[PDB]
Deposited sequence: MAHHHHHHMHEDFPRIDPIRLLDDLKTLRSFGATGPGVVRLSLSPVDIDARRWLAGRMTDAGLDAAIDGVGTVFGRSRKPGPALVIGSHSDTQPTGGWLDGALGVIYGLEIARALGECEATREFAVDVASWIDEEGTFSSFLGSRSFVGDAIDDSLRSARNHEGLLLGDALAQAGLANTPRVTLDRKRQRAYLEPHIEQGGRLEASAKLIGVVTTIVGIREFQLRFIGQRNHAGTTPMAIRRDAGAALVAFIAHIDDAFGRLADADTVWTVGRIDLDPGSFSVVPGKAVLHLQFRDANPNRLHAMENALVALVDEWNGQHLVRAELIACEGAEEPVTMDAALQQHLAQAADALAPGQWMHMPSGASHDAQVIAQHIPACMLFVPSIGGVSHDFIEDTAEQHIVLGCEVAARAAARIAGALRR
């Protein structure tokens, strides 16, 4: 069995060239449809063309390089837009991996026939509308976004596209008869891969998410003259309630469950005033839908129990944008695991993705999978960038070969 061979110098050169579009100190500033982002997309489309793909920036700003080869296709990609404080490998890694994998599989006689498409989905980070590109590709609803989405400066997405020259450009869309699998390589800086000192992660599931505000309504009072016994301190209620959350969630959790109080506000927030109101922001995530729902039910029950006992009233508010867990395709995961075991024996693991990605959108329509490399100024050692691409290329060869 002959396997393809990536060119590690070519891979790193392209990653560093993409970094130069928007490089700002230790990171990259490249917001969707900004002039520097469009510049990077034109460069990327040229590189896809150089590789022999049919490439263009589409009507929403996605860069898509379609194979010219017949038969079933594997799509490899990620995003190349950033947040205001982006790093040089978030998103860029999987886009350039996809390009190099397309090149390497085309250069190996045994894999030369395999169709590989490469994608940079526009606006994964949501400068205008989160996952605009992957939503557009799979045919999810985008009409509201195209009509009324704005960025931080209030610039309409529709106006941004016209300014980028994309106003009358067709959008690339999924062809379910042709495109049969999706692979998204991505960094992980969060820590699980790093904390395990492993080099390769095979993603099992992209976690679901819940967000809530929890409000506490008590009574303002003078902090000096009001005896402790008659107080209705909303901030004291809030702090006590967090311990109830930790207890109930700890009973339901496994080692991967996460939950976070990201914000606490006391009103009025003065030394000499017992707070009459208080609010916390709560997020939690888990890969297991039963557990995620049981955590929500436990939180609802905690609020009802609290309100049956205490003078400070508790009020739970669901935030828009809850997400369910999204599993990665089991057979694709196993191709990734076989490649990881072949090329990184003893240095790979299965793990959930604690963050959201375009793959969570695409996976609901075609088989999808993700491959993680660790990140430690976001960064990854060059030899680990190379190893990640070697594993991804080997798996891609096997995945694409299996489609026939």
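- Residues of the deposited sequence lacking C-alpha coordinates, numbered from 1, fall in the stretches 1-10, 387-393, 422.
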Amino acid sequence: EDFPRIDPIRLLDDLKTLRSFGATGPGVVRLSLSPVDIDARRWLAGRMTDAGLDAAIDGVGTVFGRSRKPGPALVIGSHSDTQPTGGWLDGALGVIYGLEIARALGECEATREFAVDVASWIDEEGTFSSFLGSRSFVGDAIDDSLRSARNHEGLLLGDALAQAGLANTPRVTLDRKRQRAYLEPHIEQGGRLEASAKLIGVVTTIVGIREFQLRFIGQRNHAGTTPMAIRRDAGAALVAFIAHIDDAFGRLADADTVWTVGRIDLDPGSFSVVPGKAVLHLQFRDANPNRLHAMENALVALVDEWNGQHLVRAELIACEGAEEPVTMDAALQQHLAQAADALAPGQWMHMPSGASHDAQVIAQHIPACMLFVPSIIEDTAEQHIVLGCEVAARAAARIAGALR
From here on, numbers count along this sequence of modelled residues.
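- Higher mean CA temperature factor between 336-344 and 361-369: 361-369, per the PDB entry.
- The mean Cα B-factor in the deposited entry runs higher for 21-29 than for the other of 378-386 and 21-29.
- Listed residues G250, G208, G154, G276 were ranked by CA B-factor as deposited; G154 comes out on top.
- For the set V239, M328, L146, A102, the PDB entry puts the maximum C-alpha B factor at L146.
- When the modelled residues of the chain are ordered by their C-alpha B factor, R398 lands in the lowest third.
- Remark: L53 belongs to the middle third of its chain, ranked by C-alpha B-factor as recorded.
- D140 sits in the highest third of its chain by CA B factor, as recorded in the PDB entry.
- Annotation for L174: CA B-factor lies in the middle third of the chain's modelled residues.
- Placement of the Cα temperature factor of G354 within the chain: middle third of the modelled residues, per the deposited record.
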